[PDB]
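If you're matching them up, the sequences are chains D and A in order.
The deposited numbering applies: residue 276 is where the first sequence begins, and numbers increase by one.
The second sequence runs 26 to 248, 260 to 474 under the deposited numbering.
In this text, a Cβ means the ideal position worked out from N, Cα and C, and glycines have one as well.
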Amino acid sequence: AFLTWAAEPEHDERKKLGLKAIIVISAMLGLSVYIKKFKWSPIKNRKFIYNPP
Amino acid sequence: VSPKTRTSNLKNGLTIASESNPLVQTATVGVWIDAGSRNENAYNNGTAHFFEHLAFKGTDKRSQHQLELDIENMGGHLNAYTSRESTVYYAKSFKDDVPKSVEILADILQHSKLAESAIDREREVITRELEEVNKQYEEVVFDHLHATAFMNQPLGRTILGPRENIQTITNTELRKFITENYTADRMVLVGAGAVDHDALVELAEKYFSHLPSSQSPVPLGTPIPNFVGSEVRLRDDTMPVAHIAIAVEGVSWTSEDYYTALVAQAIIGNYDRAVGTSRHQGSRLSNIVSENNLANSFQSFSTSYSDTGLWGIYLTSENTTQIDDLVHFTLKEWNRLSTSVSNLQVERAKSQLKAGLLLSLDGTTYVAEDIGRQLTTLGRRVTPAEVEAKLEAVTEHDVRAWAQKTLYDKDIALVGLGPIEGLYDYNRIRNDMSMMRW
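Given below as structure tokens:
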């Protein structure tokens with residue numbers, strides 16, 4: 276254990292910062308899906324009537 | 026100071042309203058009805074317009090030919106139009122031909138034949154009208170505009186109705202429509218020009234006294261519309277001119293913001309490259325558009341109905357690579373009604389409107405149309421003194437407050453016809469309804 280700490284002494288801080296990053300990034304991913312769908316809905320929902328000239 | 030509008034009622038509830046002008050020798054009498062296409066359902070949509078054709082096709086007394094001759098002999102003419110909320114039937118004549126004209130109008134409204142043979146004949150004429158409106162681009166644009174703004178609602182239907190209904194309209198449903206809708210409490214007999222009010226009331230008692238009254242008489246101009265932000269694109273690369281309308285939900289006739297909406301509309305104003313003075317107009321949009329050749333014309337509008345309205349602008353342009361600029365600059369001028377307008381623009385627009393609302397009424401038909409419209413939408417003719425007071429009450433704060441709740445960051449209905457490849461998608465147009473700097 277001690278030697279593992281000696282090789283990577285940032286270990287504890289790194290994993291806590293990673294937890295914060297995971298949470299924020301996941302929420303941003305969820306919101307980015309909502310926003311993309313919101314903005315794209317006029318394109319996805321478009322309908323056509325064709326009357327050949 | 027114009028002469029006072031006199032108003033009387035009959036017993037059935039028919040209103041008579043008149044404004045005499047002893048300087049003219051002609052008169053416009055007619056019947057304004059608080060009824061139109063909006064009163065149809067989906068199955069009989071087109072009936073009101075169908076009736077307007079049959080009204081001139083012969084009555085129980087005069088045949089089609091006799092009707093023609095009787096009017097020819099009068100010397101003036103008869104005219105009619107059906108809209109979404111209003112039907113009008115009027116007769117322009119000589120001063121002393123007014124009793125003839127009232128009698129003919131009373132006949133065609135109350136005592137029309139609606140003969141199966143004539144229904145069948147008009148059924149083709151009206152079918153041909155479906156393929157020839159196609160040319161009147163402004164009407165094409167505004168009919169699509171109503172269809173999309175009031176998607177699947179009665180205001181969204183056209184006046185002509187679908188082809189399917191035209192083929193299935195019977196004399197029964199025609200008769201039913203005019204029996205339910207053309208009632209005395211919904212009708213106004215209007216005379217303007219060389220008419221005596223007391224003479225017109227006597228003629229009303231003679232011809233329109235046996236009109237049905239409705240079971241539940243509501244006041245004149247009594248109506260829920262749910263506006264849909266949406267777009268119709270009718271791209272046609274072979275057309276040289278693009279026609280674009282953009283509108284938001286506007287104000288009804290009786291809104292408290294009715295005058296505020298008119299002032300805001302006057303701040304943007306109209307423009308037409310073919311008119312000499314248009315390059316010098318005060319409107320900011322006019323200056324941008326004229327300096328940059330962005331459009332052949334634009335026309336701001338504020339259409340009202342009993343319970344809603346559409347406020348917006350109609351643009352025509354040959355500049356097909358700068359449609360984006362035209363739309364961008366137009367909507368940025370709308371943004372400024374929310375963010376920037378001050379007493380400078382507001383007082384200028386009020387000045388221009390105080391005259392404009394009076395100027396419009398320059399002939400007997402315009403006066404009659406004004407009395408008829410006001411009586412069927414508000415229940416009274418509003419005096420110019422009252423109109424001057426309501427306009428004066430509009431402040432810059434009122435305009436900004438109205439624009440912030442009606443225009444700012446709101447959904448639009450958008451119709452484009454012609455070479456509109458350069459018109460961007462809905463989001464980019466709707467994003468111009470706000471300013472990120474504000």
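- Less than 8 angstroms divides the Cβ of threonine 296 of chain A from the Cβ of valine 435 of chain A.
- The C-beta distance from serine 378 of chain A to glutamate 428 of chain A rounds to 17 angstroms, too long to fall under 8 angstroms, and the pair is not in contact.
- For the segment 435-464 of chain A, the beta-carbon criterion of a distance under 8 angstroms to any beta-carbon of chain D is satisfied by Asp461, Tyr462 and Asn463.
- Take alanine 302 of chain D, set aside five residues on each side of it, and no residue of its chain has a beta-carbon closer than 7 angstroms to its own.
- Neighbourhood of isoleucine 298 of chain D in chain A, by CB distance below 7 angstroms: empty, with the nearest CB roughly 29 angstroms away.
- The Cβ atoms of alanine 229 of chain A and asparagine 46 of chain A lie no closer than 8 angstroms to each other.
- Approximately 35 angstroms separates the beta-carbon atoms of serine 338 of chain A and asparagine 37 of chain A; this is outside 8 angstroms, ruling out the contact.
- According to DSSP, residue pairing for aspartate 308 of chain A in a beta bridge involves A:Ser333.
- For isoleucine 318 of chain D, the chain A residues whose C-beta falls within less than 9 angstroms of its own C-beta are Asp461, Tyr462 and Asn463, listed in chain order.
- The beta carbon of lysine 314 of chain D falls within 8 angstroms of a beta carbon belonging to chain A, placing the residue at that interface.
- The three-state reading of DSSP puts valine 430 of chain A in coil, since its state is none of H, G, I, E or B.
- In the DSSP assignment, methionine 303 of chain D falls within the unbroken alpha helix (DSSP H) covering 286-319.
- In this structure, A:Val243 is the residue among A:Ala437, A:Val243, A:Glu354 and A:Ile304 with its C-alpha nearest to the C-alpha of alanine 60 of chain A.
- Here the alpha carbon of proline 420 of chain A sits roughly 30 angstroms from the alpha carbon of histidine 102 of chain A.
- Going by C-alpha positions, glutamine 381 of chain A is about 12 angstroms away from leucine 389 of chain A.
- Here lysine 314 of chain D is exposed: its Cβ has fewer than 16 other Cβ atoms, across all protein chains shown, within 10 Å.
- With a beta-carbon spacing of about 13 angstroms, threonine 53 of chain A and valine 213 of chain A fall beyond the 8 angstroms limit used to define contacts.
- Between the alpha carbons of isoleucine 260 of chain A and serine 342 of chain A lies a gap of roughly 10 angstroms.
- If you check the CB distance, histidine 136 of chain A and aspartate 85 of chain A come in under 8 angstroms.
- Annotation: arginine 372 of chain A to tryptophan 474 of chain A spans about 10 angstroms, alpha carbon to alpha carbon.
- With a cutoff of 8 angstroms on beta-carbon distance, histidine 78 of chain A and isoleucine 151 of chain A are scored as near each other.
- Burial check for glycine 345 of chain A: the Cβ neighbour count within 10 Å reaches 16 or more, so the residue is buried.
- Non-local C-beta neighbours of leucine 397 of chain A in its own chain, meaning closer than 6 angstroms and more than five positions away in sequence, comprise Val403 and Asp406, ordered along the chain.
- Put simply, of A:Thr40, A:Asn34, A:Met275 and A:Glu44 the residue whose alpha carbon is nearest the alpha carbon of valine 26 of chain A is A:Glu44.
- Beta bridge pairing from DSSP links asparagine 34 of chain A with A:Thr40.
- The beta carbons of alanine 143 of chain A and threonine 400 of chain A sit no closer together than 8 angstroms.
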